[PDB]
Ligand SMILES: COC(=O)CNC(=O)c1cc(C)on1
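Heads up, the chain below is alone and in the form solved without the ligand; it's given as structure tokens.
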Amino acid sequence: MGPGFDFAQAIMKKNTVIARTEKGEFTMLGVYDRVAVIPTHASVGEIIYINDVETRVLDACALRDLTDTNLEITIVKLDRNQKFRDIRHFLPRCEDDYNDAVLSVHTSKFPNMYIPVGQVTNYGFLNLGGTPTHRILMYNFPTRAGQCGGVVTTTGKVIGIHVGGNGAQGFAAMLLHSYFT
């Protein structure tokens, strides 16, 4: 409807795939080459389905900060025959707060879904499903089951991936440029 949805759509139409693990279907953001991200609770194994294609996982790394605290981001290298458009220049370099974000989801359950979530707070620490987690962004939208892996964008930046909610608030893990050097 406006420039927020325009940037979100541009990311969804070229830089997402539908990922299926034994723990469900997730929106999966492709970042560059054959490297993508997914929430760590997806429990990626040696094989994953990518748009319903059986795909070998060449590498998977669950990120933690230098306090050895969960970040809830897994970086996956896929044995896919095609590269993603390189979007690393849209990633923030530092932890920050944001105005006027969009959460965008694409699965079998929720195709072509875009949610204007509004103001995004650098929340920091969250006990996420019992696991201490750092670098959490919060937005005041009642997000639901099926939105995990959803991409959070502002005009010009890709800032996080949706990892949870409490029925009133939604929570994303930060994406930082330094994760993809």
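In this text, residue numbers run from 1 along the sequence as written.
What comes next is about the form solved in complex with the ligand, which does not appear here.
Enquirer: Is there a non-hydrogen atom of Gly118 within 4.5 angstroms of a non-hydrogen atom of the ligand in the entry with it bound?
Expert: Result no; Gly118 lies far from the ligand in the entry with it bound.
Enquirer: So in the entry with it bound, does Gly45 come within 4.5 Å of the ligand, heavy atom to heavy atom?
Expert: No.
Enquirer: Please check if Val163 has a heavy atom lying within 4.5 Å of any heavy atom of the ligand in the entry with it bound.
Expert: Yes, contact at 4.5 Å.
Enquirer: Please check if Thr67 has a heavy atom lying within 4.5 Å of any heavy atom of the ligand in the entry with it bound.
Expert: Contact with the ligand, no.
Enquirer: Counting only non-hydrogen atoms and a 4.5 Å cut-off, give the residues of 111 to 133 close to the ligand in the entry with it bound.
Expert: Residues within 4.5 Å: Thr121, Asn122, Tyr123, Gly124, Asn127, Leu128, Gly129.
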